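The figures that follow rest on heavy atoms only: side chains count, while hydrogens, waters and symmetry mates do not. By convention in this document, chain letters (A, B, ...) are assigned in the order of the sequence lines, proteins followed by strands, and residues within each chain are numbered from 1.
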Amino acid sequence: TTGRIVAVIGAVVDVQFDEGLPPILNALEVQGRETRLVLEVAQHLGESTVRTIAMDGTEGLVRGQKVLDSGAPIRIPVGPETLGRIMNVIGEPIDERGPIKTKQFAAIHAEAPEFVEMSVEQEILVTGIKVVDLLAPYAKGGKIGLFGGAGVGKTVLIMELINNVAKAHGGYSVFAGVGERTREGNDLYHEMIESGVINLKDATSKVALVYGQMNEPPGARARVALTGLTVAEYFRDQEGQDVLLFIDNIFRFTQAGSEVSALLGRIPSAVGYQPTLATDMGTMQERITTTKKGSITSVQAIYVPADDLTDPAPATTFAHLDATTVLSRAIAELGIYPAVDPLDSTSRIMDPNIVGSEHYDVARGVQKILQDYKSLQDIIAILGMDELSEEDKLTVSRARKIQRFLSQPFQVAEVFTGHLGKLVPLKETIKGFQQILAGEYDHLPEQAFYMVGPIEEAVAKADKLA
Amino acid sequence: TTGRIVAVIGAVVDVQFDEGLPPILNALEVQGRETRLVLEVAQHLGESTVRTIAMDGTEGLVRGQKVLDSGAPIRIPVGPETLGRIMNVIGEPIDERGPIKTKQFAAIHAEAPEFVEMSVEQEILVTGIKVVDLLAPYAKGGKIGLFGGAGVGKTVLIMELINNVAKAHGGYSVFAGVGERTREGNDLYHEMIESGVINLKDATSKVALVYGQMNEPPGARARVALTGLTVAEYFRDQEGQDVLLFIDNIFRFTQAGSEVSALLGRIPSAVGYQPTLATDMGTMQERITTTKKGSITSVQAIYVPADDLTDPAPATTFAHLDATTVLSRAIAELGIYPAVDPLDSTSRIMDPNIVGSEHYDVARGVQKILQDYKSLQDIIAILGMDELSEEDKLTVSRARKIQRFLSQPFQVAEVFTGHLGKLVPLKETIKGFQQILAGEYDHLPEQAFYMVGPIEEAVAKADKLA
Amino acid sequence: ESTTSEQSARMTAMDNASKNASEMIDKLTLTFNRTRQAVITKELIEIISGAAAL
Amino acid sequence: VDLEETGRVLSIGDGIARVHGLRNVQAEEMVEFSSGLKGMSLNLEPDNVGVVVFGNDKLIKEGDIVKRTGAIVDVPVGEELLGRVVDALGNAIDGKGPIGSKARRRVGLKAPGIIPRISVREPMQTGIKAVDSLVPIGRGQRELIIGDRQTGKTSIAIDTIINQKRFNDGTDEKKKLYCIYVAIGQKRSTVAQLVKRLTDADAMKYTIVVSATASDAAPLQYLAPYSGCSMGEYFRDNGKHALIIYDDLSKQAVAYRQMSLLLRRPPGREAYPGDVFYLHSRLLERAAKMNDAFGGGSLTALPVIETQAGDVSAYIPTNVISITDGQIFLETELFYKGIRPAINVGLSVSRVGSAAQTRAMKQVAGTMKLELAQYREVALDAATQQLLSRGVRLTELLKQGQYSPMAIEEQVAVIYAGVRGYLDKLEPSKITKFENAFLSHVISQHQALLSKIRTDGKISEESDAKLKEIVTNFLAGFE
Amino acid sequence: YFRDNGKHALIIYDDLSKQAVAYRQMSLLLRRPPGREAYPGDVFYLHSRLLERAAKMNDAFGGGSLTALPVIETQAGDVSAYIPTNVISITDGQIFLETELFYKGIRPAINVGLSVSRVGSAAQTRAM
Amino acid sequence: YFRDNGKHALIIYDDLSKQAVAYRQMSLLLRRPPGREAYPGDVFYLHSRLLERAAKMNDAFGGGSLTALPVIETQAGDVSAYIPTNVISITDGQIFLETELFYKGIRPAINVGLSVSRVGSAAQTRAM
Ligand SMILES: Nc1ncnc2c1ncn2[C@@H]1O[C@H](COP(=O)(O)OP(=O)(O)NP(=O)(O)O)[C@@H](O)[C@H]1O
Ligand SMILES: Nc1ncnc2c1ncn2[C@@H]1O[C@H](COP(=O)(O)OP(=O)(O)NP(=O)(O)O)[C@@H](O)[C@H]1O
Ligand SMILES: O=c1c(O)c(-c2ccc(O)c(O)c2)oc2cc(O)cc(O)c12
Ligand SMILES: [Mg+2]
Ligand SMILES: [Mg+2]
């Protein structure tokens, strides 16, 4: 029926109920507030008290303050009316464009598609990005993860993917801001209005926006992912459609969970994280999937705290991905953009039977020459180039030209590169590296391979170096 | 009022009072003991019970034993009568020369001088030591990091600073032995007696001594620095002096804080230090400063655990240092006394906006030439000296002369050497080094600048040699 | 001509190798002390968590 | 008697007071102790209130009476704080009497959402050649200043504050920038010396200084950024522009870790609590650029972070990088060698400031960025010899002293000489000398050309020919 | 069931790194105090009791067998770490794969010196 | 007893590493708070008060003496670990032994570069 707040600590609120006890996952509505304050039931503590997590600030709450059970979990608008609109964790519009008037509402908690619902089909999604398409290619309807420490290029890479992949997509898209910059949301939104994927007059908008950024309390950041994901689920199933789902940044979900976990009275796990890190991520990630009923192509930016890939949060995310793009601060600092670690990024479709033996061979070849170069670097750092056999000097020179030809000017990063953004077709990516490996440009200088599109541009750049 | 002991766990004692509770930081006198046992209130536990930290051993204490609330923090004898005397943390004499007959007492906990009470100006506190004043000068009311250890003339440098500050600034000194090794405290005591800065016969004593010895409980060792500082605060506040405060050694202050914190059940921070590491350091260091009335300038010997400058302890300390005096075993072996490393020692106020453009450029010129001299020392052992250019022969000459002119006989070391001590004014220090760079004494032999005061004595020594 | 060119180049190569080594030392020292601090802190947190859960 | 508006202290010890009663307090409501100390209702539990004490908890005892204030933690706000030094709570500490403050504002206010904003587009001029050219800042931007101890971090902030006098003395209200310096964990003398410096520069009149220094209790150091931010938001929302400096967030996070550990929150990486990112994220999100419909105002933040031995990979540094819109990294090596400001150009970015750089600066700087990029890649053929020759010279041009921030047009005049090759024949040790002689010459004799560059905001075909004239005429006249 | 009815079975546990994490979660939520790396004290025992059930039966008991291939995931190649050495210290040897070998073209990426079979030639045909 | 009666005594504590372990056992089980390496906050004090009892008495007190040679076991050369740090800083100097000197044939395995007596010459005869 009606409950009373008995305890408040940050995002965690205990509520006592006299008659009916709301089940775990139910959305409670705090009475006597100017803006809607939802608490989600996390635990039954005993003695007719439940422990909850607030979806907004808890300043101003008093013990004894009344709370009503809504009778269900947080429910949000889904369907066409979400398109072009921006909503928050609890499905309220946040774009000042009035109510989002939908027929259907869907709960932000749901079970993951069963085993029999899985799709086993594999098809390359070509991005026009050289290092990705060659070494760790994306798959249509696949799970894609972009790993990177602070400032290394996650958001740039996701925006270039929206440019290169979303632009020419005949379905719907969903962008979920999770614990990132509010001004980035403002950037994305106005950019989409300028391009017309979002239309403020028509019903031709192709992208739905969900935001719970780093200005939100943990409860909100811990749940916006589920909200954004729910919007995507509708489109996948109730339209049987091809859906794009961009999330920046999914790490913020796990960090958010971490902030409230102590307040929920859990004994902490490794590095102070919640003991439930892997299952919380499992129940959330396993919903982000293509099913027999429909395809979700997902791209998730994944922050890596203190540049540590063994940190529980990123470490646990790897197994949820069909393709990983790992960005590296050391690679970035060398000026190589996108700062992809070509030996730490993998794809489940990098298989001769899927991509063909030529694509596969050139990739394995590039990777071998890069690994051989890497093994020689201790010797190089102390003694230098001059102590290498002629065979080693050749691996070094070819590898260094290959490293440079993996770099690419992004349309989205033109201000920073000082070059025009480029998109290289797959066949031309394969050919360029096929040729560098064959020794065909051992006569050309390193710098010629840096920040260009196709191999022809490298040649023409070498000529221009007079 | 009077309370009873309810718990004793090593150096932590719990006292229950029937009426009013002693506030935190109050001193408590345990009753029924051979010697004084002071307990400092650390927490109010509730239920009329306080948690205290013992200033000496708790062996023999009974639950129920009476405890008298003193009404204030630890109050110690302050004034000119403490000079030449050795006291402990709680103000007791430990030099066996009877009571310390002061009219005033002062509480060892006091807050830092308020923002309005601060000097807006930075002044040099001239030591009359050439290396110090020229290259890494001391700031009135600042903190200096003394790196050294044994055998590098550290006790002599201290004793001379005490002497030179009394002679030039009319300021008294306080030495606080935080974790003083008993053996070395005795030796230090007699070395001061032997050098004159302590006088048992008359009343010329320039230093007051405060020992918190190694075998004392954490609390005692954590507080002695305050005790010492309080003694010093008398001379600033009541007698308007530019005072000197030695802390030997600051790391042991930090470690005692770490121990006390561990004993009070507080969860340790990074590297196992107390969570209050910075505030423990902040509430003590901020008392060392220039007020409108006077100043305390602190010399603090620094131990760098594991030779890690990024260790929380030295890191925290460095935030407070305005200069460093680095004593070098390499320098001492060259016969240069004081054994100050002229390139390793730094100062925040070595800034023309503070010390003047002429002081600055001469120091830089000295630094530059000693830097340049080292670059040529590899070429010295290879090409020999007679292969250098007429410019480079002259830099070697001048730098070698500068090295020796940085040495200085100390008054405090007259007994050991027979040589008369020197206190060089700042303007004669600048002038002297100014002229060696100009090439006004190139014709002079190199050994004439060694163990000399002002540049006039470099001339009088050069004339004296055959 | 050859050994005059050789002893210069070996003097230079050895100069550069000594300078590179010196940087690699300072860098590995910083790594060592970051790892030193983490090991200590990690070990303490394991202890604290065990005690607190009693 | 009353246990609804009043409570009594049960225990006090770890900077947290446990209080019986206060049955009616709100979460995060300011409460008052009999001793005058203020506190914040943190923990509301069935049998007690946990209160964070904003001051020295030696002054609180078991039994002490505690009263509600009814007010969610807030601070005094408005234009009366200008020229004042206050503590974390807004209490004056400069001894110049009470603040004539009329308005007040919560410290915990959520940042503007998506709609009220627009991309940054107004220059926030530092007056620092290297920053204004290579790392331009926009109004509403967040730019981290980051580096080891004693690398010149605070100096970047101070020269920026001082710089604003040129705009703040004029009549153009859009070009004005009010300043807030928040001192966290610093030495009190350092802060006293700082307001002295701003006073001498007559910069204090448009500056609020918030101060929670090394001896101020951890909760005061924790609070202080939010307090100054609130004071900043006053301007942001009322069609005005403010700049805030958090000096520094490293010392704030330490203070917060102290509180969290004493609260027995589970320590994580470097013994920091899980919410140490959120600590800084919520704060820095509040620096924003408002669109015209929300007044057009803005708050610009320069958070300072101190690294250990240049490790930008550490937990707190990466936290803040992952919040702000770029960073200015100051290197110990560069500072040692006397390259000052010690800015590492390669590791420095302004993600959003490019759009807020005056066209006049873009015309000279875009090719300097390029020529400096070509230079580090070759740190004896005629092609790559010109790259080293140009690079060392531009390096000298970006060297700058303290407390002499330059007008934007002065900076472009100086940088013009470099990027068009007028220095290539001069020896590097003589570039600094050239700049100061060349600068006071164009200021004295050619006021019209500089005045035109400022007004146009551009270097026109007319100005380019006039600038070529003067530089060539001066170069042959320089000895 | 196969092992005890004169048949032979092979079981893959893919992977026991994740099962240890699941057990850690469960143990911590049961309020059992954490041990090394927040794992329960008995995390060796978790896997030791499982893998010991892989066994070869004598003819009296039917002659059946269960063979186990547990999988462990290291972090940054550290086979010497705690959990890995726990499991290595249970099994009859280990096949250690490395990315360095993998990229160099050694595929399968087996590190020979670090891999072992504790059964050796007893498990090979005479010809091999 | 010897020190206080005009006589001279030598005492070897072999070793103080093990003593600390024993006291740690007690503090932990008495549920006193653990710090670094699970040692309690009074372990420095424990050792400091033992070692300060070595002394050279003046003639008024009989002129007797107690000289202490505490032994500490390091782990893999880590003189910066907790107990070594304590006893190193308490004492008047250290004789450092090393494994690699030992097997090089340098026996006694004393590192002469690192070992130090801060008393020094004061304790040598003129001949030496
Ligand atoms: N492809 C690229 N080309 C050129 N520059 C780039 C590229 N990617 C990143 N950068 C530079 O790096 C900065 C940070 O890029 P961004 O995509 O925001 O990284 P991020 O990982 O999302 N940062 P954060 O969210 O703070 O952890 C940009 O402002 C550029 O200066
Ligand atoms: N442009 C400059 N030219 C010359 N000297 C400078 C310059 N900027 C700063 N300094 C000097 O460098 C010192 C440190 O600068 P500061 O601005 O205090 O950096 P910081 O990193 O904030 N120091 P701290 O906060 O104490 O670690 C000061 O003593 C200044 O005198
Ligand atoms: O990287 C780190 C890490 O993993 C842990 C940790 C803590 C508890 C555990 O149970 C565990 O397995 C690891 O502590 C740290 C402490 C630091 O100060 C710095 C770090 O970098 C780490
Ligand atoms: Mg990003
Ligand atoms: Mg500073």
Can you see which heavy atom on D:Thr126 is nearest to which on D:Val131, and at what distance? OG1-CB, 3.6 Å
Just by modelled atom types, is the A:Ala313 backbone N or O under 3.5 Å from a matching donor or acceptor in the A:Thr317 side chain? yes
Cation-pi check, D:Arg117 onto A:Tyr189 ring (under 6.0 Å, within 45° of axis): no
What side-chain donor-acceptor pairs closer than 3.5 Å can you find for residues 146-158 of chain A, not counting sequence neighbours?
from	atom 1	to	atom 2	distance (Å)
A:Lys154	NZ	A:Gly148	O	2.8
A:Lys154	NZ	A:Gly149	O	2.9
A:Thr155	OG1	A:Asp248	OD2	2.8

Using only heavy-atom distances, determine whether the side chains of A:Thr182 and A:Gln213 contain a donor-acceptor pair under 3.5 Å. no
Could you walk me through whether D:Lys153 and D:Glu306 pass the salt bridge (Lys or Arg N to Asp or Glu O under 4.0 Å) test, one step at a time? CA-CA 9 Å; D:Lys153 293 185 305 286; D:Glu306 188 205 82; 5.2 Å; no
Atom OG of D:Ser133 and atom NZ of D:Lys369: how far apart are they, to the nearest 0.5 Å? 12.0 Å
Nearest heavy-atom approach of D:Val135 to D:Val349 is CG1-O, 3.4 Å
Looking at A:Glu216 and A:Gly179, would you say the former's side chain and the latter's main chain have a donor-acceptor pair under 3.5 Å? no
Do you know the tightest heavy-atom contact between D:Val312 and D:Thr318? O-CG2, 3.3 Å
Could you tell me the separation between the CZ atom of A:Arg221 and the CD atom of A:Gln255, rounded to the nearest 0.5 Å? 6.5 Å
Does A:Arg400 offer a backbone N or O that forms a donor-acceptor pair with the side chain of A:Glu446 under 3.5 Å? no
Do D:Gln357 and D:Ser350 have a side chain donor and acceptor closer than 3.5 Å? no
Do D:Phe277 and D:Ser322 have side chains that get closer than 4.5 Å, going by heavy atoms? yes
Within-4.5 Å side-chain heavy-atom neighbours: D:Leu398 and D:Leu372: yes
Going by salt bridge (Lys or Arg N to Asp or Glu O under 4.0 Å), name the pairs with one or both residues in residues 323-333 of chain D, residues two or more places apart or in two chains. A:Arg181-D:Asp325, A:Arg183-D:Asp325, D:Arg142-D:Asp325, D:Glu333-D:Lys337
Verdict with supporting geometry, D:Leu249 and D:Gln252, side chain to side chain contact (heavy atoms under 4.5 Å, CB included): CA-CA 5 Å; D:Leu249 295 179; D:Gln252 190 219 19; 3.6 Å; yes
Looking at A:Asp133 and A:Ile129, would you say the former's side chain and the latter's main chain have a donor-acceptor pair under 3.5 Å? yes
Closest approach of A:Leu209 to A:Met192 (non-hydrogen atoms, all atoms of both residues): CD2-SD, 4.3 Å
Aromatic rings A:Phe433 and A:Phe405: how do their planes relate, parallel, tilted or perpendicular, breaks at 30° and 60°? tilted
Under 3.5 Å, is there a donor-acceptor pair between the side chain of A:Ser328 and the main chain of A:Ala339? no
Give a yes or no on whether A:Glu191 atom CD has more than 12 heavy-atom contacts from other residues, nucleotides or ligands under 6.0 Å away. no
Do the side chains of D:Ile321 and D:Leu144 get nearer than 4.5 Å, heavy atoms only? yes
What about A:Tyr337 and A:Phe410, are their ring centers closer than 6.0 Å? no
Cationic tip of D:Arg257 above D:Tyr272 ring, under 6.0 Å, 45° of axis: yes
Would the distance check show the side chain of A:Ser347 and the main-chain N or O of A:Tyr138 forming a donor-acceptor pair, the cut-off being under 3.5 Å? no
Would you confirm whether A:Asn249, through its side chain, and A:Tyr303, through its main-chain N or O, come within 3.5 Å as a donor-acceptor pair? yes
Taking side chain as C-beta onward, heavy atoms only, is A:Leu309 less than 4.5 Å from A:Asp344? yes
D:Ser313 side chain vs A:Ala306 backbone, donor-acceptor pair below 3.5 Å: no
Could you report the tightest heavy-atom contact between B:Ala270 and D:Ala271, atom names first, then the distance? N-CB, 3.3 Å
Let me confirm one number: the CD1-CD1 distance from D:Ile245 to D:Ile145, rounded to the nearest 0.5 Å. 7.0 Å
Sequence neighbours left out, what pairs pass salt bridge (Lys or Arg N to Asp or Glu O under 4.0 Å) with at least one residue falling in residues 328-342 of chain A? A:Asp307-A:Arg329
Does A:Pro342 offer a backbone N or O that forms a donor-acceptor pair with the side chain of A:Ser345 under 3.5 Å? no
One pair to check against side chain to side chain contact (heavy atoms under 4.5 Å, CB included): A:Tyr373 and A:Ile402. What are the steps and the verdict? CA-CA 11 Å; A:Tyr373 179 37; A:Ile402 281 166; over 6 Å; no
Residue pair A:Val131 / A:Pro338, side-chain heavy-atom distance below 4.5 Å: yes
Quick one, A:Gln285 with A:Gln300, criterion side-chain hydrogen bond (donor to acceptor under 3.5 Å, both in side chains). Give me CA distance, side-chain angles, the key distance, then yes/no. CA-CA 10 Å; A:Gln285 282 290 346; A:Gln300 302 179 63; 2.7 Å; yes
Note: A:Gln371 and E:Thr99 closest approach over all heavy atoms is OE1-O, 4.4 Å
Can you tell me how far apart OG1 (D:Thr324) and CZ (D:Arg351) are? Round to the nearest 0.5 Å. 6.5 Å
Any sub-3.5 Å donor-acceptor pair from A:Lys143's side-chain atoms to A:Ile288's backbone N or O? yes
From A:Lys374 NZ over to A:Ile380 CD1, what is the distance, rounded to the nearest 0.5 angstrom? 13.0 Å
So A:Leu420 and A:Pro409, do their side chains get closer than 4.5 Å, heavy atoms only? no
Would you say that more than 12 heavy atoms from the other residues, nucleotides or ligands in this model lie under 6.0 Å from the CZ of A:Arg348, or not? no
Side-chain heavy-atom pair D:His280, D:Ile316 within 4.5 angstrom cut-off: yes
Please determine whether side chain to side chain contact (heavy atoms under 4.5 Å, CB included) holds for the pair A:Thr297 and A:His169, giving the CA-CA distance in whole Å, both sets of side-chain angles, and the decisive distance to 0.1 Å. CA-CA 11 Å; A:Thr297 307; A:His169 184 256; 5.8 Å; no
Euclidean distance, D:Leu279 CG relative to D:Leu283 CG, rounded to 0.5 Å: 8.0 Å
Evaluate side chain to side chain contact (heavy atoms under 4.5 Å, CB included) for A:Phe449 paired with A:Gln403, printing each intermediate quantity in order. CA-CA 9 Å; A:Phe449 295 93; A:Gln403 280 181 339; over 6 Å; no
For residues A:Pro137 and A:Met350, determine if any side-chain heavy atom of one lies less than 4.5 Å from a side-chain heavy atom of the other. yes
